[PDB]
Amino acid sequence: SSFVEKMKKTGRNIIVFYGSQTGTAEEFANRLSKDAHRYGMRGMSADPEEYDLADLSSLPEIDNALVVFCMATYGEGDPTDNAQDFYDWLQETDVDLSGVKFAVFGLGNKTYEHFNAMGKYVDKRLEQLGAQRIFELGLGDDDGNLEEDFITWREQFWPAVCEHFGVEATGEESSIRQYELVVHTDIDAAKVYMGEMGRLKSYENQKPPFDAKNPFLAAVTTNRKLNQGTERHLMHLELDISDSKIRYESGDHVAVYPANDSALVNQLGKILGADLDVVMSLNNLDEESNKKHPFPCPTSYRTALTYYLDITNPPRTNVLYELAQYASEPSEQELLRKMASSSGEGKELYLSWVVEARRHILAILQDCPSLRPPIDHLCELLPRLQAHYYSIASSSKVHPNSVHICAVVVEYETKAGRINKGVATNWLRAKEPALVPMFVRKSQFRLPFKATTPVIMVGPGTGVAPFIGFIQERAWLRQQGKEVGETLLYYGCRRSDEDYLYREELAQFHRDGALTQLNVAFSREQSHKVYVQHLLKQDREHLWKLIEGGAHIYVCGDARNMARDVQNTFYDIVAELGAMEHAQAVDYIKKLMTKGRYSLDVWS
């Protein structure tokens, strides 16, 4: 299957590939594909992995061929896994792509080292190869508002396509269902999905290998509150992976498929007067597509809203639009409709009423009571429930049959006056010591190859997680008689008497000599604030010495402000004691990252 041939046979001329890991690039690519119709074109969205991009040179065979790439960037400016083959292709190929027309929208996050590196590389590479850019590279920023970055970009993409191929707005704009409903009245239980992903019964009859499509149901053997206060809830979990064949190393991530709050799901059924226990199936009206269902079908609505659908984040604009038609009351519909406009008051109303106020789907149906959409249409609009990532807090050398998690429970109050709860954390929190569907995702965050190499670990708050495993492995290495270099932890929290994670464990590790140094910064213990970077600055002399000697630096935690301040402080350090300019120090540090001596495991 050549993607070009498939376009020819299904009559399409616009193909939008998506580089996606948590499914955002997918919806974006899907939304572009459906837009084609308004401009007299026929487009399709596709997963690059399922094809050979070297076929891009056969695109001229289709009249008015146009390829659009929605690419997301991951770990150290790399391609999502489904686009690794494509990336590999782009670097070794020197094929001539004259005649190919393209546009690229990258999904990125300014708070990461290589911002939108994938999108930038694809766009730059296609031009070098000869293709013709039909519109400027799009730079979505998940730190600002990705959605807005998208609709803004889209609004200027279509017109630009219209002007190049000589087409126009068919005017037409009638919401088209992508799936068709079918109720299953006479259905056996052995044929109904109860929340497993991929293969039916995969949860009950567990067989390896276990990965994202076949999660291992680990038993929760330990779940204890790590902090003293009751204002927040930091917890430590231990997951049994015995009999799973799963392997991991300190630094890797453990992902889990949670379930929504059962009461919130019930509230939804009640505000839609829908019997959630009705088994059903949603079939793709495009018989030639691979996505026969938006999620494992057949399955009840309850199972769908609890295990396969994201009903907690703020809905994207295109979702608020389709739902407007179910708003009888004049003023409520008004509200919803505009919320999709590019800019104007509509952008502002969306950011304020939906995003800032953090209104989820229920919250909306509650603040627009006239709005009574059918449960099956909603089930098609909403995004999939994603796996959630946590930095493994254990060393496989010490706990080969157990994966540890250190996490803070997300719970806060919204402007709208509701109590918002985090899906995975509240779900994990209610797990009594009983199963969690998980899988390990390999990372590049790793202890030095040589045990004698020093390590500087900077992890405030839950950022301390991967380091708990690092410390265990380093203590275990001293025990096996190996010589180990210095091991310093720069931890931080608010008050030694409230959120000091693993206080006794770390204190004990230090007493034993495993932890060479334990430096904690309490940000709210005195007048002003003490952060990890301040302690890092004070130790400039020693850190420089270790750094000049070949030490490995690790930073884990808040990506927004922490990661950048800690890095700014390491800049100053190298600049002050390295006898060089700031800009040379920035170079210095950035070189360490490429040598693998300054590793980052940051999130937000």
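Just count from 1 along the sequence shown to find any residue number.
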query: Unmodelled deposited residues between residue 374 and residue 375, binned; finding: none
query: Residue stretch of maximal mean CA temperature factor, 313-321 vs 339-347; finding: 339-347
query: Higher-scoring stretch by recorded Cα B factor average, 458-466 or 223-231; finding: 223-231
query: Maximum C-alpha temperature factor, selected from 163, 252, 473, 486; finding: 163
query: Member of 401, 132, 306, 267 with the greatest C-alpha B factor (per the PDB record); finding: 267
query: CA B-factor placement of residue 128, once the chain's modelled residues are sorted into thirds; finding: middle
query: Ranked C-alpha temperature factor of residue 65 among modelled chain residues, by third; finding: lowest
query: Residue 419 - which third its CA temperature factor falls in, relative to the rest of the chain; finding: highest
query: Chain thirds of CA B-factor: placement of residue 55; finding: lowest
query: Among modelled residues of the same chain, the CA temperature factor third for residue 542; finding: lowest
